[PDB]
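As C-alpha cells, one chain now follows by itself in the form deposited in one PDB entry.
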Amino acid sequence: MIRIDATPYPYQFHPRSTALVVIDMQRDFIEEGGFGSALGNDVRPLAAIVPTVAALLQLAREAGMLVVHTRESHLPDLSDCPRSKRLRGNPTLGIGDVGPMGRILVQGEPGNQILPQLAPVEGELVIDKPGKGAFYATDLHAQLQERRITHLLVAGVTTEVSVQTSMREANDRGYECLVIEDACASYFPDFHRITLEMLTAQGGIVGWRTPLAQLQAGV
C-alpha cells in the first residue's frame, strides 16, 4: 500500500483498488473561443492546470489504476435535461442553443469533447452525466463496485461545482477520496482554495487533499 503526505493526515492506497476520476475537462469550458469565455468567464486558470492533469493521467496509466473521465452532457433531444436547468439564469444562449463550438452541453458537439491533451484511451471509463455530480443518473457507482474500487483520486473543473459535488457524493457512498489540489481549477479564486479547505476540514469530513508532487513522490 502506497502512503503519501496529505491534509489532513497521510493518505494510503493500493493502485489497483484506486481510480483516477478526471471531471469535465471539456473544450467549451476551457478553450478561449469557447462558451465559457463567451459568458465572460476567465478560462486561463482552467487552461493553466492542463499540463498537471496530463501528468496525473500519465501517473495513473503507468501505475495501472482505473481511469474514469466525466463529461457534463445531454442527449441531443434534451430528454435528460430538466426544464429547471434549461431556464436557470435567464440565458441569452441556453443548453441546446448553437454556441461558438456547437449546441451548448450536447453530446457529440465539438464544445462537449474532452480536451485532446487529456483524451480517453481504450480501457478507460467515460461517464456522460446530466448533472454536476458524477454519480447522479449514471452507472459510475455500479462500474466502480464491479472493479472493487475503494479509493478515488479526483481532478478536473470546476473545483466548487462538479469536482466538489462528485467528491461529496463519493464520500457518502464510502469511497476514500484524495483531491489533487493543483489538478483542479475554478473560474473564481474566491471558491477554489476555500472549497479544498472545506472538503478536508474537521479531520477529513469529505476526504483528503495534496499536490501532484506528493503523489509523484509515492510512486
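Start at 1 with the first residue shown and count on from there. Just so we're on the same page, rigid core means the largest C-alpha set that superposes within 1.5 Å between forms. Residues that one form lacks are left out of the comparison.
**Q** Look up the CA B-factors in the entry and say which stretch, 138-146 or 87-95, has the higher mean.
**A** According to the entry, 87-95 carries the higher average C-alpha B-factor.
**Q** Pick out which of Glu169, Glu160, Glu32, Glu176 has the highest C-alpha B-factor in the PDB entry.
**A** It is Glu32.
**Q** Please work out which residue in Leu152, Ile180, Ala60, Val43 has the highest C-alpha B-factor recorded for this crystal structure.
**A** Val43 has the highest C-alpha B-factor of those listed.
**Q** In terms of the chain's CA B-factor thirds, is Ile194 lowest, middle or highest?
**A** As the PDB entry reports it, the C-alpha B-factor of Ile194 lands in the middle third of its chain.
**Q** Sorting by Cα B-factor within the chain, modelled residues only, which third would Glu72 end up in: lowest, middle or highest?
**A** For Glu72, whose C-alpha B-factor we compare with every modelled residue in the chain, the answer is the lowest third.
**Q** For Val50, does the deposited CA B-factor place it in the lowest, middle or highest third of the chain?
**A** For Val50, the deposited C-alpha B-factor lands in the middle third.
**Q** Considering every modelled residue of the chain and its Cα B-factor in the PDB entry, is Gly207 in the lowest, middle or highest third?
**A** Tercile = lowest for this residue's CA B-factor.
**Q** Where does the C-alpha B-factor of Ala185 rank in its chain, lowest, middle or highest third?
**A** Ranked within chain, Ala185 CA B lands in the lowest tercile.
The form deposited in another entry exists for this protein as well; it is not shown, and the discussion that follows is about that form.
**Q** State yes or no: after fitting on the rigid core, is the Cα displacement of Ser37 between the shown form and the other one at least 2 Å?
**A** Yes, because once the rigid core is superposed, the C-alpha of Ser37 moves 2 Å or more between the shown form and the other one.
**Q** Where exactly does the backbone move between the shown form and the other one? Looking for runs of 3+ consecutive residues, each with a CA shift of 2 angstroms or more after core alignment.
**A** Segment displaced between the shown form and the other one after core fit: 32-44 only.
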